[PDB]
């Protein structure tokens, strides 16, 4: 994979020019795109900017995020040829930092369950995950140094795990969702894909200018709390194997690891995530559902058809439960710096299964809002397995530092 931090350093010293760096990306995309199919649109004429911390840095953009120079088709026929008038704020954050928007990456229809044609870089017979399919696959295939995605259930962390890339779903609302096709406004959260935790940090620093992302270094002997999210049921062997590998590597690295239970209130929050998500989805996708019902991808159309009856009442009760879960989860971080858990049910599903994977191990965290970072751990049968590092809400920097720590610990 291409490291953004690496390019940054080489460009800063003059060892690599921005034009060369961008030419590098076009070539990388050109070399693997025909087999991975991660881009809806690759802008071959995209050039490097002359200044800014991200000059020479090519970035792929999930196709539910607006761009003014390229179409934004939401992974749906309904929006074929749709052309937003403006670039979404997050795209502008990148552009303002001097980055190059190299193309739009594939997204499942309206960022839901319907699979894209994208294939896993590690094994084209498997899914790259979703809904940010293209973004994870492109970074995972070594095509680009950075990519933006979004997560409502587990659309950032899961595909990152499947494709073996670093990724972060920042604290809720740190990054604006303006110009990001809404599924659930209570959940939708922008995310980044990169090679390593350090690349994500550098990416966020340039995008936001927040000092918390400046000078980040690997954490030292972190206080880690392992949570297996029993409420979501048992994971597949491969996932547990990766979790054990992570725990052991971290211990040998000097970290104090302890197994911890999550408060009942948090278990309940995980339970009602579907209520908040689907009720809002019906309002957010009202035009689509009313005027283009049969045109909506099969799986999403079906889930929407099954949730029409959700009421404001149960919706409000679900939100109340969500708030209670947030409060008590914070209490959990009073004895530990970060939580360590699964990033996905296991290895990426075979494409034949027509599934982008179950988000059951990602959804809770999207509702709680905490920053989550995927750390690639190992590979089973050639397919990547990762673990999810979670810090307190607003402690994104620490989540990145600990993830970086874990990366170094695994490298031994």
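Numbering follows the first chain given and starts at 1.
Colleague: If you average the Cα B factors in the entry, which is higher, 160-168 or 312-320?
Modeller: Averaged over C-alpha atoms, the B-factors run higher in 312-320.
Colleague: Test of understanding: from the entry's C-alpha B-factors, which stretch has the higher mean, 42-50 or 62-70?
Modeller: In the deposited entry, the stretch with the higher C-alpha B-factor mean is 42-50.
Colleague: Which of these has the highest Cα B-factor in the record: 196, 80, 327, 85?
Modeller: Spelled out: the listed residue with the top C-alpha B-factor is 327.
Colleague: Could you tell me which one of 280, 334, 114, 188 shows the highest CA temperature factor in the PDB record?
Modeller: In the PDB entry, the greatest C-alpha B-factor among 280, 334, 114, 188 is found at 334.
Colleague: Could you tell me which third, lowest, middle or highest, the C-alpha B-factor of residue 145 occupies within its chain?
Modeller: Tercile = lowest for this residue's CA B-factor.
Colleague: Consider only the C-alpha atoms of the modelled residues in this chain, order them by B-factor as the entry records it, and name the third containing residue 357: lowest, middle or highest.
Modeller: Ranked within chain, residue 357 CA B lands in the lowest tercile.
Colleague: Could you look up the Cα B-factor of residue 349 in the entry and say which third of the chain it sits in: lowest, middle or highest?
Modeller: Tercile = highest for this residue's CA B-factor.
Colleague: Ranking every modelled residue in this chain by its Cα temperature factor as given in the entry, which third contains residue 26?
Modeller: Ranked within chain, residue 26 CA B lands in the middle tercile.
Colleague: Sort the modelled residues of this chain by their C-alpha B factor and say whether residue 292 lands in the lowest, middle or highest third.
Modeller: Middle third of the chain for residue 292's C-alpha B-factor.
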